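# fold the stuff below for me.
(chains A, B, C, D, E and F, ligands or ions: 6)
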Protein chains: 6
Amino acid sequence: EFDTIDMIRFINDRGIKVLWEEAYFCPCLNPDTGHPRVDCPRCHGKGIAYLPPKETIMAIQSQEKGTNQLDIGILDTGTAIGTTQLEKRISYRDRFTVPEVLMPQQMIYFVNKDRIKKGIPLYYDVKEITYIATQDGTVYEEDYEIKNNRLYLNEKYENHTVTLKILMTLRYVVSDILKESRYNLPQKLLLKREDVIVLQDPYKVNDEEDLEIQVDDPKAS
Amino acid sequence: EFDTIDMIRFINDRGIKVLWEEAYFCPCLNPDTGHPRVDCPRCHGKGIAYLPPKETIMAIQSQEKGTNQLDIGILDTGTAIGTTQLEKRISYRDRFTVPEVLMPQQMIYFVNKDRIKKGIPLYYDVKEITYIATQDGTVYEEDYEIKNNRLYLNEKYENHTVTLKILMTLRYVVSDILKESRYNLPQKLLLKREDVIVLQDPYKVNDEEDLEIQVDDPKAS
Amino acid sequence: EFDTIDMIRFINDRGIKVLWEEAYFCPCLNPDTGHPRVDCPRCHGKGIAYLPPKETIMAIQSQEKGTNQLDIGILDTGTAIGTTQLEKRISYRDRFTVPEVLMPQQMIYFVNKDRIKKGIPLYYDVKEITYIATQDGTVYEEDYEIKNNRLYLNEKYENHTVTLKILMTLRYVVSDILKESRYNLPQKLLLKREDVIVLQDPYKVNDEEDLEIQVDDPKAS
Amino acid sequence: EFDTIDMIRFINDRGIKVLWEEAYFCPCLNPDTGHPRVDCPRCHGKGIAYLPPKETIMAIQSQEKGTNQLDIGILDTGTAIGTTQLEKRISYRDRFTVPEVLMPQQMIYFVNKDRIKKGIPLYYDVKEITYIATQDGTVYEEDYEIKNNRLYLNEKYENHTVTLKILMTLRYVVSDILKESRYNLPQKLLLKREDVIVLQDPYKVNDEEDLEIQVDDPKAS
Amino acid sequence: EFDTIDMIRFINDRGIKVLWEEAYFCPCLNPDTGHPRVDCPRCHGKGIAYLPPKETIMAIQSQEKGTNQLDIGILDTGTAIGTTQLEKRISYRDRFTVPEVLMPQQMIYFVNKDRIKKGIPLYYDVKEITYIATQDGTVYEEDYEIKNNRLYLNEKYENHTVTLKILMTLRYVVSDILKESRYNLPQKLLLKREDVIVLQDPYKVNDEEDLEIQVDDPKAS
Amino acid sequence: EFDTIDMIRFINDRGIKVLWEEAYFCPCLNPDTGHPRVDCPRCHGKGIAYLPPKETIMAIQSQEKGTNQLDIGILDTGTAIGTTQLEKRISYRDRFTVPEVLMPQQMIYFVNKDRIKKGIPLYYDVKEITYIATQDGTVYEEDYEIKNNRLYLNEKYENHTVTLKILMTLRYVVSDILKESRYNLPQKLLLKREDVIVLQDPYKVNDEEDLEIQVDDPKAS
Ligand SMILES: [Zn+2]
Ligand SMILES: [Zn+2]
Ligand SMILES: [Zn+2]
Ligand SMILES: [Zn+2]
Ligand SMILES: [Zn+2]
Ligand SMILES: [Zn+2]
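Residues are numbered from 1 along each chain as shown, chains lettered A, B, ... in the order given. Ligands and ions are numbered 1, 2, ... in the order given. Next up is the structure itself:
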């Protein structure tokens, strides 16, 4: 139990405020295809849903003796190790939010009549639009809105391409539990940063495979 | 024998109470296909069966000089090293239970008439249902039961999708024997955590390949 | 916050002057193909465009404890780690320029009537032509010009092959964000040197796959 | 020669009693197919035969400076390093027996009329049957026997599936010679534990590919 | 700048005399195929040509902290790290010659009428023929000559096979630039030894794929 | 030159007597196929021939700082590092013999009328037959002979399978030159032990692919 108290101290000394969302598989699936519902309000079409968030403190690291002090985030994009205490057993797929850290992302879409009507889901917890434009130039604020993490564009932008740069909250999902037998005892987790899991809606939809942008993207895979 | 006494001390100093189940290949196999019987009470269709459990003490580690102090659980999901003493030779496929550690899991199923009748096998040693729902909302306790590690749902949930989150006992199966010539002498084992071996019954059955959920799962493979 | 002040000092002690360009996906894409416009002035056909540059100071390294002091540039051609402070969140795809460092490159093209008319895009920030020739010998200065980072040749060089050696500004694009939770706080970036991303226009165009030079190139891939 | 005397001391200090069998390729091969004879008494159908055993002392390790003190048995299932002195040159394929170490194994077979008549070869040096059963339950001792390392079942078990758990002598075969120029001088060998080479006879024979059990086996490959 | 002066001292302390040839892509390419001209005097058919050599001093290493003191030449045949000072920016594909080091090579060819007439290009900077023969025995000096790094054989050797062993100057080509931002400032280069890039002309030509010798070659690939 | 004198001392201190054979590609090749002549006396059908042997002293190691003190022979079967001094440049494919070290090997063949007549080439420098037999038992000495490293069997063994165990001289061939610029200066070589290159003649010949023995061989590949 001397190793436990050291770990609790580490969490307290180096931990940052996070939110924890308990995950489950969303039961909206289409029995015929196995696919989530496109516009499911629980999972937004991704097939994993979450229970209400709860606060905790979590130390996040990318290097430790267990990795030979190598940076696991360099070895594998978007990987980190989290250590936390919580009243409940943390599970695979659960999601952690670091409210005070804003991360960037860029995305681009062909705006059809459906996208005008239903809006374009962004999937992230969008906090700011840092840039937005079409081929015609800057999209002014009166011509769009962000609601329920969806981009709603003015109908004049039908059949245009919209490009977007955002700030969103830093989030991770649990890929694994570590040291499951060692040791509110500490729980140690392998984390995956959200931007390495989330796939933007496709550039253009086919009624047949959807069309992705034909652009060399240097973002690490 | 000085290396032996050090190892016995380690087991005693750092070992936790576990149960050991001697494994054998289940003889329920269908001679025509080589597949276990779906609802075999010995192996539950997985083709490996176990003799009655026996208690011991086992030190469990994910790092040692033999791994360069690298975390083998990070290198390979669900891998650990166990060290124990026992009157009998421990073998590949044998199963260890850590009664005092509860692990999580999530699973999802399309509930057909067969599943109502026979129940849905969960495979784990289920200790608690932390969440259960269909597309219609929460499944109340009077509408289900867990018996012999199977989910029995009320017949009104036929043709629904049920999603489930559980707590189960931590268990490992032996993938290998290590240091077989060195050294109740210590036995050293490569372990595989259960959740990395167990495959849930498929989302939906075809009368043809079964249909799995079309969901990106971040659980480490 | 003691780790933060050390990092700020490192940037200040070892940082060099750089320019930062905020990147976004260029909305010139052809809705039918997903390809950028060949001669788009924003992205030059590469599908990523940039906002006006801003100055900062960035420490650039190829070795650190996080890599076991291994040279990541040897492990992976054109990879480096950058550390900088900036008022805005740096993102994937953003581009850094090191104005005071000139890098080399060589390229070769079959000069058709289109290339005479529109010029040949070089993609780099070209600062000098160190060598230029055809099969007929040296191309004298009155017979070419570099405008908007394009090679414009005199029309007599139609149906010739031109070879070119240049100096260009050293530039990187961001492939990843590192230590996203640690810590104008320092921002730590995985960088990709430009010459490992940029693809020269093809040797010869087909009206069908374009024809690349059939030459064994020792440049690291 | 100072490195030699150190090595001889190591063998003497840390060596255990082993038997050595000189191996050769068995000349029972069918000229038409290149396959050994199924029931060859020399090689039992495996195509390698052995001369009479001779005693020696061999130090067996899974970690050394030559492996960076990494456990080669974890890196590669069933691998070890042996060091011994012997009057003859030890070769690839030769087999070492550690009489005082018993190892486990499990196997399963469909019992046809041939298997009743000829018995089922187990391939290992079987010392004990720890468990034996069919779908009908425990096979009592009067209903079987182990002779010449074959399982002979009572004819009533025709068309049954028999499952078996055993103890056998620990054995290795030489995969390589190491330090062939350094240095009865010490001989250093890369060893392969028997259970990682031996393939049990197939579950069921086809008159066409034989049918193996359709069971997920966690034994390391 | 204290790291710079250390690097300059290393070059001076451990550097050897080398020649540097600035490389460019040869514009002899056939527009139809993308292949260099077989007997181009600039590139000899390899598609890379060089400007006149210039002398410098270069430290050459196969081990450094950046490789964990591992021998990169063992990790990857023909790889080394060069450090040098020069008035011009050294580029990918440029070639370094170490005049005072002679390296070996062996090659073999079927001598057709073309090869008698045009000679057989050897590609290396040939300094000596250490052995030369056909199936008929030793080729005496009056029956051959080396001119412009080509083997010219007496016409009596038409339809013979000639085998050749040579000494040539040690040469490298630049595969990469390292530490491009650090720091006549030092330039640090990843080098590729010539014999790992140069491909001998084929054993026999087909008018269809050319025929290479069907011989197991232990030269590292 | 202080690093040179240390290396010369190492060779002298730790070197063993070896023979060196200068290698060249054998010009017996069939112009039509590119294959050596089956019974060429120079290369025995392997396509590499050797000039008369010369004595030297060579230090042979499987571990050095350049390998992180890892055993390259474990990393890659039959690999070693040799260091020697010689008046001539040692080359790829050249062969080293360690006369005072005898190595083992086993081989097996179907004896047709050709093999009786021409003998079976063993390829190694055979020093002793430790075991020889057919399906009929031991082959007595009056019924065979080893001449020019070929097995000549009495004609009564036509249409038999012969199995053979031998002792042969330890030999290596050069796969690479290391430290080509550093530094009778020392020459440092990557070596490949002969038994990892030599392929025995096939079990049985087809007039179509030859038939190899269908036996699981544990010799490291
Ligand atoms: Zn849903
Ligand atoms: Zn069963
Ligand atoms: Zn554009
Ligand atoms: Zn046999
Ligand atoms: Zn040319
Ligand atoms: Zn020959």
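
# part of a strand, is residue A:59?
Yes. Going by DSSP: H, G, I helix; E, B strand; the rest coil, the assignment for residue A:59 places it inside a strand.

# what's the first-to-last distance across stretch A:23-37?
Using Cα to Cα, to the nearest Å, the span of stretch A:23-37 from its first residue to its last is 17 Å.

# find the residue at the geometric middle of chain A.
Nearest to the geometric centre of chain A sits residue A:194, at 3.2 Å (Cα atoms, centre = their mean).

# quick one: the strands in chain A?
Per DSSP state E, chain A carries strands over the ranges A:16-21, A:23-25, A:48-50, A:54-61, A:79-85, A:95-110, A:120-121, A:126-134, A:137-138, A:144-147, A:150-153, A:161-178, A:186-193.

# for the residue nearest to residue A:93 when sequence neighbours are not counted, grab the count of nearby residues.
What sits nearest to residue A:93 in space, not counting adjacent residues and going by Cβ to Cβ, 6 or more residues apart in numbering or on different chains, is residue A:23, at 3.9 Å. C-betas here are computed from N, CA, C, even on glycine. The number of residues packed around residue A:23, counting by other Cβ atoms under 10 Å in any protein chain shown, is 24.

# again, but for residue A:21
Per other Cβ under 10 Å, the neighbour tally for residue A:21 reads 17.

# and the one 4 residues further on, by the same measure?
As a burial measure, the neighbour count of residue A:25 was computed by other Cβ under 10 Å and equals 26.

# ok, it - contacts?
Counting by Cβ atoms under 8 Å, 6 or more residues apart in numbering or on different chains, residue A:25 makes contact with A:47, A:48, A:49, B:106, B:107, B:108, B:163, B:213, B:215.

# recalculate using a threshold of 7 Å.
With contacts defined as Cβ atoms under 7 Å, 6 or more residues apart in numbering or on different chains, residue A:25 is in contact with A:47, A:48, B:106, B:108, B:163, B:213, B:215.

# got it, and residue A:183?
With the criterion set at Cβ under 7 Å, 6+ apart, residue A:183 makes contact with A:4, A:7.

# bridged to residue A:177, which residues?
Beta-bridge partners of residue A:177, counted by DSSP bridges, are residue A:189.

# phi first, then psi, for residue A:198.
Backbone dihedrals for residue A:198, given as degrees, to the nearest 10, come out at phi -70, psi 130.

# reformat the contacts of residue A:25 as JSON lines; add neighbour count and distance to chain C.
Listed next are the contacts of residue A:25 as JSON lines, based on neighbours: other Cβ atoms under 10 Å in any protein chain shown; distance: Cβ to the nearest Cβ, whole Å:
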{"residue": "A:47", "neighbour count": "23", "distance to chain C": "25"}
{"residue": "A:48", "neighbour count": "23", "distance to chain C": "22"}
{"residue": "B:106", "neighbour count": "22", "distance to chain C": "26"}
{"residue": "B:108", "neighbour count": "21", "distance to chain C": "31"}
{"residue": "B:163", "neighbour count": "22", "distance to chain C": "31"}
{"residue": "B:213", "neighbour count": "25", "distance to chain C": "29"}
{"residue": "B:215", "neighbour count": "19", "distance to chain C": "25"}
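
# these: which ones sit near ligand 4?
Counting by Cβ under 5 Å from the ion, the subset of those that neighbours ligand 4 is empty.

# closest one to residue A:115 out of these, please.
In terms of Cβ to Cβ, no member of the contacts of residue A:25 lies closer to residue A:115 than residue A:47, at 21.3 Å.

# so the closest one touches residue B:213, yeah?
Yes. Here residue A:47 reaches residue B:213: they are 6.3 Å apart, a contact under Cβ atoms under 7 Å.

# between the two, which contacts overlap?
For the pair residue A:47 and residue B:213, residues contacting each of them under the criterion Cβ under 7 Å, 6+ apart are A:25, A:29.

# identify the residues contacting residue A:139.
A:132, A:133, A:162.

# and it, how far is that from chain B?
Distance from residue A:139 to chain B, counting by Cβ to the nearest Cβ, to the nearest Å: 30 Å.

# now for residue A:44, how many residues are close by?
Summarising burial for residue A:44: neighbours were counted as other Cβ under 10 Å, giving 20.

# what's around residue A:147, how many residues?
Other residues near residue A:147 number 8, with proximity taken as other Cβ under 10 Å.

# residues contacting the closest residue in space to it that isn't next to it in sequence?
Leaving out its chain neighbours, the residue that sits closest to residue A:147 by Cβ to Cβ, 6+ apart is residue A:119, at 6.8 Å. Taking Cβ under 7 Å, 6+ apart as the definition of contact, the neighbours of residue A:119 are A:147, A:150, A:151, A:152.

# and of these, the nearest to residue C:75?
Checking the contacts of residue A:119 against residue C:75 with Cβ to Cβ, the nearest one is residue A:151 at 39.2 Å.

# that closest one is in contact with residue A:122, isn't it?
Yes. With contact defined as Cβ under 7 Å, residue A:151 reaches residue A:122; the gap is 6.3 Å.

# give me phi/psi at the closest residue to residue A:114 other than its chain neighbours?
When the adjacent residues along the chain are set aside, residue A:114 lies closest to residue A:205, with 7.7 Å between them (Cβ to Cβ, 6+ apart). With angles defined as degrees, to the nearest 10, residue A:205 sits at phi -100, psi 140.

# burial count for residue A:205?
15.

# in contact with residue A:24, which residues?
If a contact means Cβ under 7 Å, 6+ apart, then residue A:24 has A:49, B:106, B:131, B:163, B:165 as its contacts.

# residue B:102 versus that one, what's the distance?
Remark: distance between residue A:24 and residue B:102 (Cβ to Cβ, to the nearest Å) = 17 Å.

# and residue A:185, by the same measure?
Computed with Cβ to Cβ, the distance linking residue A:185 and residue B:102 is 12 Å.

# what do you get for residue A:67?
In this structure, residue A:67 and residue B:102 are 27 Å apart, going by Cβ to Cβ.

# name whatever forms a beta bridge with the residue nearest to residue A:93.
With DSSP bridges applied, residue A:23 shows beta-bridge pairing to residue A:50.

# ok, it touching residue A:94?
Yes. Using Cβ under 7 Å, residue A:23 is in contact with residue A:94, at 4.7 Å.

# how close does the closest residue to residue A:179 other than its chain neighbours get to residue F:89?
Leaving aside its sequence neighbours, residue A:179 sits nearest to residue A:188 (Cβ to Cβ, 6+ apart; 4.9 Å). The span separating residue A:188 from residue F:89 equals 57 Å under the rule Cβ to Cβ.
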